[PDB]
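In listed order, ligands and their atoms are each counted from 1. When reading the values below, keep in mind they use all heavy atoms of this one structure, side chains included, and skip hydrogens, waters and symmetry mates. Throughout, a chain's letter reflects where its sequence line sits, starting with A, and its residues are numbered from 1.
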Number of protein chains: 2
Amino acid sequence: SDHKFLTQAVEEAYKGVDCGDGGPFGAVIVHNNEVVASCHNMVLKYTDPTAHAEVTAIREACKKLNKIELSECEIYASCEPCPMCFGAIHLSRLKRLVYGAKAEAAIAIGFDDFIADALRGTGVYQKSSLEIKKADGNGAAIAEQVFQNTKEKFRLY
Amino acid sequence: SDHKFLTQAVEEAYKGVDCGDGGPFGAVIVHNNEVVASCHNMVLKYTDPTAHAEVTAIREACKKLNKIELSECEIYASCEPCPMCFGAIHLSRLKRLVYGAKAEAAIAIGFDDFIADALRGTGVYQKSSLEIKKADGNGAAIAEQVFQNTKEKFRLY
Ligand SMILES: CO[C@@H]1[C@H](O)[C@@H](CO)O[C@H]1n1cnc2c(=O)[nH]c(=O)[nH]c21
Ligand SMILES: CO[C@@H]1[C@H](O)[C@@H](CO)O[C@H]1n1cnc2c(=O)[nH]c(=O)[nH]c21
Ligand code: NA
Ligand SMILES: [Zn+2]
Ligand SMILES: [Zn+2]
């Protein structure tokens with residue numbers, strides 16, 4: 001299950017950067033193995049710097065389920081969510097987060113050094129008790145290669 | 001000019017609570033004394049937990065200026081922005097943030113303890129660069145009074 005949905009997020013990243021919607025980032029929100037939302041970064045398409053893949057997926061899933069909490073759903077991110085996106089995941093009350101690549105893989109291709117303290121447990125004020133799983137092995141390697149692969153295909157933002 | 005725009009953000013908070021759009025939070029984005037956006041929390045109206053006042057103001061200002069960065073603009077928040085909102089403020093490259101009430105004022109009336117380390121200067125992985133001003137005197141009094149005046153005028157989220 002984890003491998004399938006992380007793969008779907010990676011494919012969303014590739015698709016979004018291929019059609020010019022935004023950067024190579026994907027996010028899939030799932031409710032008991034039923035995909036509620038499958039989105040990618042829409043910053044360029046929407047002219048919205050908040051339209052990251054995770055925030056877009058949360059918005060879509062919440063309007064689809066007609067409620068502002070997703071306590072029965074889990075989110076799969078192709079890359080480690082940024083501070084804004086992790087805050088949005090916290091506010092969404094999503095019960096589990098699985099992400100593929102570490103943020104350093106995205107920083108390596110010139111992206112801003114923007115890492116969520118609450119995700120890595122390095123904060124004084126912001127804490128998290130959300131279940132967080134960093135993928136390993138297969139899906140992790142594939143997700144880390146995304147930034148070196150999608151790199152001549154978009155301009156940084 | 002700070003007091004005027006902070007008071008406008010507080011007025012937005014009151015209006016949003018009256019409308020039932022969301023909670024008592026407002027945000028005003030300006031460009032050299034010209035209001036670019038004036039928003040309040042729209043979580044209940046939009047069925048969107050990311051639709052905080054600050055995120056909504058950022059979206060609307062970026063739509064108005066036809067770009068994803070607001071380096072020439074400043075933001076006034078009625079209350080101390082949450083981690084998600086401070087991350088959005090960082091991504092939007094706003095040059096200055098002026099906030100009225102400390103987050104403890106919102107916590108005292110039933111909101112979650114959800115405080116941004118980067119705003120208070122305790123961040124390790126996330127480090128802010130923008131100028132930050134906490135309101136004093138009459139602006140602080142107004143922004144703090146917002147939560148005492150709106151208690152049980154809205155549904156908590
Ligand atoms: C990586 O890095 C980067 C930098 O820092 C900035 C840019 O501007 O942000 C980030 N990003 C982007 N895109 C995205 C999504 O989609 N999601 C999330 O989470 N994040 C993100
Ligand atoms: C304060 O407290 C609270 C809790 O914690 C959570 C909820 O759930 O968040 C927060 N909030 C709300 N609303 C809002 C806006 O509008 N803006 C911002 O910033 N923030 C916010
Ligand atoms: Na408005
Ligand atoms: Zn993000
Ligand atoms: Zn917020």
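- Under 3.5 Å, the side chains of B:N149 and B:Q145 contain a donor-acceptor pair of N or O atoms.
- For the atom pair OG of B:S92 and CE of A:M84, the computed distance is 9.5 Å after rounding to the nearest 0.5 Å.
- A salt bridge links A:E80 to A:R120: one of the charged nitrogens lies within less than 4.0 Å of a carboxylate oxygen.
- For the Zn ion (ligand 4), the count of nearby protein N, O or S atoms, meaning those under 2.8 Å away, is 3.
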Please tabulate, line by line, the atom pairs linking an N/O of ligand 1 to a protein N/O at a distance below 3.5 Å, with the distance in Å to 0.1, or answer 'none'.
from     : atom 1 : to     : atom 2 : distance (Å)
ligand 1 : 5 (O)  : A:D112 : O      : 2.8
ligand 1 : 8 (O)  : A:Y157 : O      : 3.2
ligand 1 : 13 (N) : A:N41  : ND2    : 3.3
ligand 1 : 13 (N) : A:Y157 : OH     : 2.9
ligand 1 : 16 (O) : A:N41  : ND2    : 3.0
ligand 1 : 16 (O) : A:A53  : N      : 3.2
ligand 1 : 17 (N) : A:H52  : ND1    : 3.3
ligand 1 : 17 (N) : A:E54  : OE1    : 2.8
ligand 1 : 19 (O) : A:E54  : OE1    : 3.4
ligand 1 : 19 (O) : A:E54  : OE2    : 3.1
ligand 1 : 19 (O) : A:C82  : N      : 2.9
ligand 1 : 20 (N) : A:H52  : ND1    : 3.1

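- The only option from A:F111, A:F25, A:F147 that meets the ring-ring contact (aromatic ring centres under 6.0 Å, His included) definition with A:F154 turns out to be A:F111.
- Using a 3.5 Å distance cut-off with no hydrogens or angles, the side chains of A:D113 and B:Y125 do not pair a donor with an acceptor.
- Between B:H52 and B:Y157, the ring planes lie perpendicular to each other; the angle is over 60°, past the 30° to 60° tilted range.
- Taking a cutoff of 4.0 Å between a charged side-chain nitrogen and a carboxylate oxygen, A:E72 and A:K67 qualify as a salt bridge.
- With hydrogens and angles left out, the side-chain atoms of B:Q8 and B:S38 include a donor and acceptor closer than 3.5 Å.
- Within the 4.5 Å cutoff, the side chain of B:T56 has heavy atoms near those of the B:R59 side chain.
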